[PDB]
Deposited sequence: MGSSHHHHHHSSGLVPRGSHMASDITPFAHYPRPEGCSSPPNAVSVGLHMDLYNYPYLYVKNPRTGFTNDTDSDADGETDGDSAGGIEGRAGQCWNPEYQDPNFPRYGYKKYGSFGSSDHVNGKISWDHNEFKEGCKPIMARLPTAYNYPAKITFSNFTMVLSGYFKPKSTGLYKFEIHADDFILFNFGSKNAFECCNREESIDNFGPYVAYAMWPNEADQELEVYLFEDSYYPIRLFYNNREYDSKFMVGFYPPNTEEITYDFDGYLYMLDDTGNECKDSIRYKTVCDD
């Protein structure tokens, strides 16, 4: 905390590497819906929700090779307490409309820095973003699918309205693929999933992950082979 974080990453040969992150989409129902108390579900506030509670309403979709402009800011919605259909950014490779007003998303895979140095990430959430990062915080090297819910204490915890903005700095090495797990929830209305970073020596933030997101084969033995 007085020094900067220096997380652990993974090694892999080039032949086991493909582009983009994996996405799972989960239902997050309203308590009740109006027209043709509070309406929204507080379950996302449960401490157990990020580790297993988030699957309890079932899934509805998934995609792979998620890459590029993965952030969004949907503040155009007009009606609350009501499902609103919209499409994810094309980065997600998911054509169907989702209940953008109310859904849960888990994004996982690997971050590779374009140069060795200190990276600062910034998240802005409506409603809820969790950020895990590193082979000892997000998931095990080459064992993502089996270990995806064994993440550690959060690297950033962003919740609307109060802690909605968070930041963190990690010194990362160019040659290494760092496990990354991004958890997102919208409970209702407006939806903001904004994840950006300032690369080393860079003043302007970027929200474009193109060339930074990769997937490794889940071949196990800490990627030996």
Check your understanding: Since the structure holds only modelled residues, which stretches of the deposited sequence does it leave out?
Key -> 1-27, 64-91, 281-290
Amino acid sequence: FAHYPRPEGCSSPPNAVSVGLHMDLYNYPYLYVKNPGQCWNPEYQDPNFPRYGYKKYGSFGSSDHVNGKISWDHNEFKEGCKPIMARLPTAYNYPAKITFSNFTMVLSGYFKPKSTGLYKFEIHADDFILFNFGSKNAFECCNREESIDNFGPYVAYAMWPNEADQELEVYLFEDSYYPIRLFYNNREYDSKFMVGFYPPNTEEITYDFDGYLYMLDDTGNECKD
From here on, numbers count along this sequence of modelled residues.
Practice item. Higher average CA B factor in the deposited record is what I'm after, so tell me if that's 152-160 or 53-61. Key: 152-160
Point to revise | Segment of higher mean CA temperature factor, 82-90 or 116-124 | key: 116-124
Exercise for review: Among the candidates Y44, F173, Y178, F183, give the one with the maximum CA B-factor reported in the record.
Suggested key: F173
Point to revise | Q166 - Cα temperature factor, lowest/middle/highest third of chain | key: middle
Point to revise | Assigned third (lowest, middle, highest) for the C-alpha B factor of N67 | key: middle
Point to revise | Within-chain third of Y32 by Cα B-factor, per the entry | key: middle
**Study point:** Chain-wide C-alpha B factor ranking for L21, given as lowest, middle or highest third
**Key:** middle
Review point. What third of its chain's C-alpha B-factors does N143 belong to: lowest, middle or highest?
Key: middle
